[PDB]
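Participant: Protein chains in written order, with the working numbering: chain A, 195 to 536; chain B, 195 to 536; chain C, 135 to 481. To start, I am sharing the structure in question, which I have written as structure tokens.
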Amino acid sequence: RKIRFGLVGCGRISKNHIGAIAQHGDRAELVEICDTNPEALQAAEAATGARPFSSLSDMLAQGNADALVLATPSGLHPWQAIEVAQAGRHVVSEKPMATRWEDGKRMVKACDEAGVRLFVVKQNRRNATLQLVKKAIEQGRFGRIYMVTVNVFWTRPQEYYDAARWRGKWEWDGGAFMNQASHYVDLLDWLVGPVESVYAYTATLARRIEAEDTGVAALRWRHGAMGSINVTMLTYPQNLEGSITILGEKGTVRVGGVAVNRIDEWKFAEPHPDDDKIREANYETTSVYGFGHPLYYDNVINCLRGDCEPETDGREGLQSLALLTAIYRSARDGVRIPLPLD
Amino acid sequence: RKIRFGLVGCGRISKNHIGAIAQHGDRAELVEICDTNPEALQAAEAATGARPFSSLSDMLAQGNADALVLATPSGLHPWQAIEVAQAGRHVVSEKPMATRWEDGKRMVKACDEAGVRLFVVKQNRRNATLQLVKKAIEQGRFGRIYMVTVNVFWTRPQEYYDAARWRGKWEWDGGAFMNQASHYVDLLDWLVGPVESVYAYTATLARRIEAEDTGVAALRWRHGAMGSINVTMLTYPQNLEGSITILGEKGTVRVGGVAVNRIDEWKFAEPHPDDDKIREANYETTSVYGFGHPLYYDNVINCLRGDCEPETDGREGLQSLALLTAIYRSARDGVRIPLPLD
Amino acid sequence: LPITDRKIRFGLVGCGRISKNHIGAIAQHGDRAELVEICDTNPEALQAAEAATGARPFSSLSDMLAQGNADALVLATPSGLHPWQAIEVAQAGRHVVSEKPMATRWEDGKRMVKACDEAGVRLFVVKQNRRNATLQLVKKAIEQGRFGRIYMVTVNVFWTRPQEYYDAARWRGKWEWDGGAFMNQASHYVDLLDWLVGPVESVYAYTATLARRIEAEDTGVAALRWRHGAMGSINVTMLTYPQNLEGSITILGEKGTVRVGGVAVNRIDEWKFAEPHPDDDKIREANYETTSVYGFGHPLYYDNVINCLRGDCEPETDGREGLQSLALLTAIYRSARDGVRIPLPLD
Ligand SMILES: NC(=O)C1=CN([C@@H]2O[C@H](COP(=O)(O)OP(=O)(O)OC[C@H]3O[C@@H](n4cnc5c(N)ncnc54)[C@H](O)[C@@H]3O)[C@@H](O)[C@H]2O)C=CC1
Ligand SMILES: NC(=O)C1=CN([C@@H]2O[C@H](COP(=O)(O)OP(=O)(O)OC[C@H]3O[C@@H](n4cnc5c(N)ncnc54)[C@H](O)[C@@H]3O)[C@@H](O)[C@H]2O)C=CC1
Ligand SMILES: NC(=O)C1=CN([C@@H]2O[C@H](COP(=O)(O)OP(=O)(O)OC[C@H]3O[C@@H](n4cnc5c(N)ncnc54)[C@H](O)[C@@H]3O)[C@@H](O)[C@H]2O)C=CC1
Ligand SMILES: CC(=O)N[C@H]1[C@@H](OP(=O)(O)OP(=O)(O)OC[C@H]2O[C@@H](n3ccc(=O)[nH]c3=O)[C@H](O)[C@@H]2O)O[C@H](C(=O)O)[C@@H](O)[C@@H]1O
Ligand SMILES: CC(=O)N[C@H]1[C@@H](OP(=O)(O)OP(=O)(O)OC[C@H]2O[C@@H](n3ccc(=O)[nH]c3=O)[C@H](O)[C@@H]2O)O[C@H](C(=O)O)[C@@H](O)[C@@H]1O
Ligand SMILES: CC(=O)N[C@H]1[C@@H](OP(=O)(O)OP(=O)(O)OC[C@H]2O[C@@H](n3ccc(=O)[nH]c3=O)[C@H](O)[C@@H]2O)O[C@H](C(=O)O)[C@@H](O)[C@@H]1O
């Protein structure tokens with residue numbers, strides 16, 4: 195039979211979930227949906243005809259989805275995942291999996307303890323552009339890696355923060371790093387390797403929010419590479435750049451675009467057949483741009499059919515969450531913060 | 195009459211100075227050359243017909259240049275400049291002006307006290323590209339500046355350091371930040387304003403030298419902007435980039451190329467005449483690539499001729515020298531180092 | 135200018151315990167060098183030394199420099215005088231051969247070096263073990279990349295110095311004059327860290343005076359990290375029961391393993407490399423050689439000094455060479471005193 199998914203939180207990103215599932219809606223279906231907001235609740239059942247619950251506990255008491263998708267305010271992810279795990283179901287959390295390190299740790303434990311799956315959505319990893327780099331690195335083509343820089347120079351006006359009380363709060367959301375660039379902070383670990391320590395500066399330069407809208411982290415990996423990630427939601431007058439550059443002994447790559455959609459530099463000491471898949475990898479990522487979930491849910495659904503291991507499990511999500519925390523302790527504390535965290 | 199320059203150090207950069215003085219042949223001439231190495235003193239003689247000395251002290255007992263140009267190993271610059279000033283002549287010091295903060299302050303006090311002028315060579319400040327950026331920043335066209343990123347991704351092979359013992363040594367050179375990237379570190383204070391603090395990592399990842407071939411500094415300006423400068427001489431397989439990117443409230447500029455020589459992104463809320471100077475700045479800055487000494491001399495000569503004041507006098511050199519020093523202290527000590535220095 | 139047309143004239147300052155190896159090393163090159171002068175503050179050691187040498191005696195360094203003509207002065211005094219003696223020697227315009235270590239304080243060692251630089255004189259620092267045949271072979275393999283990436287380095291100085299050693303002279307075991315186990319005895323071994331393996335990034339040290347009645351440490355340990363990433367330690371005590379047990383270095387890498395044991399890095403014990411080299415056959419011979427000049431190492435060091443002074447060479451261990459180990463000792467002594475990692479290079 196089909197995987198029964200239920201969706202908690204019917205908001206802005208909910209549609210890509212409904213979208214990705216329905217796109218597989220022959221190895222799975224969307225059976226229930228949940229939101230504490232009458233209107234958005236209405237709207238979503240109106241849109242899918244799954245059974246509407248106006249809170250998670252009612253949905254868990256009565257529904258029977260094999261797996262709940264958390265698309266609520268991020269700070270509620272860990273508590274929801276724990277309740278969902280207590281009711282004995284699998285968990286797909288949107289990113290970031292938590293706004294606090296200890297909550298992130300508890301979610302993973304709770305899921306371990308209940309013997310249920312915990313997936314964290316990191317769809318950007320399935321960019322064709324990014325996949326090429328990943329394989330490049332995996333096969334040793336860079337040889338020793340030396341310098342890595344990530345820019346996220348995007349835009350978010352006051353209105354965007356004002357559309358929802360939770361937005362920009364430490365407890366629910368985090369700032370530009372935890373929310374918008376968490377996808378890029380993820381590359382750091384996933385693509386180049388384990389990070390040894392970071393130092394960061396952040397501030398709230400212009401928006402009325404609690405968290406940061408701007409920041410920098412210098413980074414040092416365990417194998418010794420160094421680098422920065424540089425992030426603002428204040429760019430004028432719109433998204434300028436979402437990029438990663440990686441320089442090594444025998445390889446140089448830059449993945450440009452507004453979202454790591456365009457490989458601008460690709461140079462290597464020795465040839466490999468991927469040298470010729472560049473223009474069209476730029477092709478597939480740019481046309482899936484903003485719609486990586488379908489591909490995400492194909493690994494979910496394969497892992498649940500006992501076919502695969504999850505590509506992004508709770509522990510994987512902890513990698514990026516540890517880094518954000520490091521960056522946030524560094525900025526608040528004015529001190530280098532090393533990994534892994536206690 | 196023509197201004198009379200002496201050159202101290204007839205090594206690799208000597209030709210560009212020779213080049214540039216001859217190019218103001220009617221306002222000045224190279225009268226004296228000096229190198230402690232018989233062989234390149236000879237050839238610098240053959241090629242200019244100026245009068246050769248074999249030590250600076252003899253050139254100063256016997257010669258009469260109004261201005262001596264120090265193109266020796268950087269660690270020698272402060273000690274030569276003190277001797278020169280002591281002998282009542284003007285100092286043109288190649289970059290960087292010193293390798294130790296204290297030596298730099300000392301060379302400044304001696305030029306002050308002797309009544310001599312002290313110029314530090316930062317030719318890049320003359321780039322037509324950066325002059326437009328400077329002017330937009332001074333006219334306030336960016337509004338509040340928020341994020342600044344600078345990359346120096348260049349290539350020096352081991353055979354480049356192997357050419358002269360002085361190279362890559364802490365005493366005489368410093369590493370990739372203090373030698374090659376100082377023109378870029380120079381930009382942080384010159385264009386964007388006083389820096390408040392830095393945190394840096396550096397390392398010798400590949401070259402056989404004392405100092406770093408690779409590094410990153412995270413930075414916070416007094417006005418609140420944050421940024422980073424990322425540097426490496428290990429780029430594959432040759433120079434990739436020398437770039438500055440500045441994002442403010444109503445402005446977004448990026449100067450790309452291998453050497454801040456092509457304005458790549460230029461966007462502003464309100465228009466201004468210079469908007470139309472851009473293709474010109476790019477052609478002119480790129481066309482003088484490898485050769486901006488001519489332009490630097492113009493000001494040097496305009497100033498000795500009692501016209502202007504120095505674009506880059508000794509305290510100006512002190513500005514990047516202080517940042518370079520905070521970067522090195524921070525990288526060595528693993529802490530944020532704040533300015534101004536003791 | 136080089137001294138090419140007449141034997142080098144050396145002067146010896148300090149006629150105490152090690153002076154006898156200098157006097158005899160110099161005499162072992164009687165054809166290129168001679169000892170013409172000797173200076174001691176102690177009427178009687180000077181007495182012994184003149185009768186012993188037939189050199190001209192002087193009872194203070196000022197006098198020896200005012201009336202003497204030596205081309206180079208050898209500094210064989212308590213370690214904390216070397217800086218100040220080297221600066222006055224240099225102001226009178228002659229070369230300086232300073233005994234190890236070149237000073238006991240970082241700033242004094244910098245000032246020694248600057249002074250010689252601005253006098254245009256040579257400053258050599260005695261580091262005889264560098265000429266050891268065993269350590270030369272290791273140096274050669276490290277220099278031709280035979281170890282690959284170096285990972286782990288350990289150095290042991292497990293030696294014996296009884297209280298009566300320290301009491302023999304008042305200056306011994308004092309911070310100002312001597313320093314402790316690290317700065318006096320194991321400095322030849324601290325020297326190997328940078329000389330052999332490469333630039334040190336930082337150290338953490340514990341030291342203590344566990345038994346001797348002296349000021350400085352008689353026992354300690356330093357943890358190390360190198361800039362290229364290897365780690366290791368240096369383990370030092372002058373309290374070994376009942377006499378010297380070990381003076382050793384072990385270097386471990388991707389394709390090389392080397393251990394130099396003995397009481398004084400005089401006997402290569404382990405030696406394994408991924409790819410063969412003629413030097414592989416030179417080991418037993420190098421052991422026998424280094425062992426055979428155990429205690430009499432100076433003759434070899436002076437070969438190089440004389441060459442350098444004759445214009446043949448650059449010195450193997452000049453002033454800056456000598457600052458490299460002074461800087462580690464300083465870092466090790468500041469780390470022990472303050473309880474924090476001390477990174478290099480020093481301000
Ligand atoms: N992977 C990705 O590309 C993206 C991930 N996200 C993440 O997904 C989550 C999406 O947030 P958005 O859709 O963008 O903001 P949102 O405000 O549009 O979503 C709001 C929905 O959740 C509801 N909600 C609030 N409290 C609830 C509760 N206790 N129970 C159930 N529903 C509750 C809101 O009333 C509304 O129904 C966030 O964690 C965000 O980081 C968001 C966009 C993209
Ligand atoms: N502004 C710019 O674009 C550039 C600046 N530089 C800077 O210029 C200086 C020169 O660098 P290079 O030309 O690359 O290296 P270099 O090694 O090629 O030039 C060295 C010359 O100085 C001589 N020398 C050494 N000691 C001396 C002394 N006491 N007196 C007189 N001569 C002495 C050497 O024998 C040699 O011929 C450094 O400060 C370097 O950073 C270098 C290239 C470009
Ligand atoms: N390279 C090596 O293997 C060895 C190096 N050394 C070093 O060489 C120096 C030798 O110390 P030792 O001979 O063992 O101790 P020491 O006490 O035996 O010799 C000291 C001599 O210096 C004389 N002296 C003291 N003050 C003087 C002054 N102001 N001017 C001239 N002479 C003065 C003393 O009167 C005494 O005769 C020390 O730095 C020691 O670390 C010592 C033994 C071996
Ligand atoms: C994969 C990925 O990057 N996901 C992140 C990403 O998603 P998504 O791509 O959907 O953002 P979307 O581009 O729609 O712009 C959002 C608003 O910005 C405003 N916005 C946007 C762009 C711009 O140029 N100007 C602008 O005002 C405009 O108001 C837009 O409505 O932005 C999400 C977010 O910020 O909440 C993050 O939660 C995600 O993790
Ligand atoms: C304006 C400016 O950037 N000045 C700095 C700059 O000057 P200059 O303009 O001469 O650089 P130039 O590029 O010609 O090659 C230098 C060597 O690099 C090697 N080099 C260079 C590029 C490359 O791709 N590969 C390479 O090997 C090449 O073989 C060359 O021999 O480089 C100097 C330096 O590093 O010593 C710095 O001191 C200056 O501050
Ligand atoms: C090359 C080298 O290691 N140099 C260092 C070395 O020199 P040198 O070879 O002369 O030492 P020497 O072996 O004679 O023992 C010295 C006394 O130790 C006592 N000693 C020695 C061995 C032992 O087992 N027991 C013992 O009591 C016994 O009293 C010895 O008389 O020891 C010098 C010192 O300590 O002042 C250091 O300054 C040198 O830098």
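By construction, the Cβ of each residue, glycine as well, lies at the ideal position given by its N, Cα and C atoms.
(1) Where does residue 457(C) sit, in a helix, a strand or coil, going by DSSP?
(2) Kindly list, in the order they appear in chain C, the residues whose Cβ is closer than 8 Å to that of residue 398(B).
(3) Any heavy atom of ligand 5 within a distance shorter than 7 Å of the CB on residue 450(B)?
(4) Measure the C-alpha to C-alpha separation of residue 266(C) and residue 244(C) and round it to an integer number of angstroms.
(5) Should residue 207(B) be listed as close to ligand 5, given that the test is whether its C-beta is under 7 Å from any heavy atom?
(6) Can you find the residues in the same chain that come closer than 7 Å, C-beta to C-beta, to residue 195(C), ignoring five residues on each side of it along the sequence?
(7) Starting from the beta carbon of residue 338(A), find every residue of chain B whose beta carbon is closer than 9 Å, and list them in chain order.
(8) Provide the residue span of the alpha helix (DSSP H) that contains residue 340(C), from first to last.
(9) Between which two residues does the alpha helix (DSSP H) carrying residue 300(A) extend?
(10) Just checking: is the beta-carbon of residue 477(C) within a distance shorter than 8 Å of some beta-carbon in chain B?
(11) Hey, is residue 356(A) close to ligand 1, as in C-beta under 7 Å from one of its heavy atoms?
(12) Cβ of residue 320(B) less than 8 Å from any chain C Cβ?
(13) Which residues bound the alpha helix (DSSP H) around residue 324(C)?
(14) Inspect the CB distances between the region 296-314 of chain B and the region 366-373 of chain A and report whether three or more fall short of 8 Å.
(15) Which residues of the region 296-322 of chain A have a Cβ closer than 7 Å to any Cβ of chain B? Give them in chain order.
(16) In angstroms with no decimal places, state the Cα-to-Cα distance between residue 487(A) and residue 296(B).
(17) Does residue 455(B) have its Cβ less than 8 Å from a Cβ in chain A?
(18) Output, in chain order, the set of chain B residues within a Cβ distance shorter than 8 Å of residue 412(A).
(19) So, does the CB of residue 351(B) fall closer than 8 Å to a CB anywhere in chain A?
(20) For chain A, find out if any of its Cβ atoms is closer than 8 Å to the Cβ of residue 471(B); answer yes or no.
(21) From 145(C), 372(C), 157(C) and 141(C), pick the residue whose C-alpha is nearest to that of residue 170(C); which is it?
(22) With a threshold of 16 other CB atoms inside 10 Å of the CB of residue 474(C), please say whether the residue is buried or exposed.
(23) With a threshold of 7 Å, establish whether the CB of residue 266(B) neighbours any heavy atom of ligand 2.
(24) Is residue 315(A) helix, strand or coil when you go by DSSP?
(25) With a floor of 4 residues, list each alpha helix (DSSP H) that falls wholly inside the region 450-487 of chain B, ordered by position along the chain.
(26) To the nearest angstrom, how far is the alpha carbon of residue 284(C) from that of residue 217(C)?
(27) Hey, how far is the Cα of residue 226(C) from the Cα of residue 208(C)?
(28) If I measure Cβ to Cβ from residue 197(A) and keep anything under 7 Å in the same chain, skipping five residues before and after, which residues do I get?
(29) Could you check whether the Cβ of residue 407(B) sits closer than 8 Å to any Cβ belonging to chain D?
(30) What does residue 345(A) reach in chain B if we use C-beta pairs closer than 7 Å?
(31) Leaving aside the five residues before and after residue 335(C) along the sequence, list all residues of the same chain whose C-beta is less than 7 Å from its C-beta, in chain order.
(32) Is residue 410(B) near residue 394(B), with beta carbons less than 8 Å apart?
(33) For residue 305(A), does the count of other Cβ atoms within 10 angstroms reach 16, so buried, or fall short, so exposed?
(34) Going by DSSP, what residues sit across from residue 202(A) in a beta bridge?
(35) Which residues of chain C have a Cβ atom closer than 7 Å to the Cβ of residue 526(B), listed in chain order?
(36) Report all residues from its chain with a CB closer than 8 Å to the CB of residue 364(B); omit the five preceding and five following residues, and keep chain order.
Facilitator: Short version:
(1) helix
(2) Within chain C, the residues near residue 398(B) are 333, 361 and 362.
(3) no
(4) Residue 244(C) has its alpha-carbon roughly 27 Å from the corresponding atom of residue 266(C).
(5) yes
(6) 147, 173, 219 and 222
(7) 399, 400 and 428
(8) Here residue 340(C) belongs to no alpha helix (DSSP H); instead the beta strand (DSSP E) covers 334-342.
(9) For residue 300(A), the enclosing alpha helix (DSSP H) covers residues 295-307.
(10) yes
(11) Result no, Cβ not under 7 Å from ligand 1.
(12) no
(13) Counting along the chain, the alpha helix (DSSP H) containing residue 324(C) begins and ends at 321-326.
(14) no
(15) none
(16) 58 Å
(17) no
(18) The answer, in chain order, is 393, 394, 395, 410, 411, 412 and 422.
(19) no
(20) no
(21) It is 145(C).
(22) Within a 10 Å sphere around the beta-carbon of residue 474(C) sit fewer than 16 other beta-carbons, which makes this residue exposed.
(23) yes
(24) coil
(25) 472-481, all fully within the region 450-487 of chain B.
(26) 35 Å
(27) 14 Å
(28) 221, 222, 260, 261, 495 and 498
(29) Judged by its chain identifiers, the structure shown contains no chain D, and its protein chains are A, B and C.
(30) 343
(31) Leaving aside the five residues that flank residue 335(C) on each side, the residues in its chain whose CB is nearer than 7 Å to its CB run, in chain order, 359, 360, 361, 477 and 478.
(32) yes
(33) With 16 or more Cβ atoms within 10 Å of its Cβ, residue 305(A) is classed as buried.
(34) For residue 202(A), which the question treats as bridged, DSSP gives the partners 228(A) and 264(A).
(35) Those are 477, listed as they occur along chain C.
(36) Here the set comprises 293, 404 and 405.
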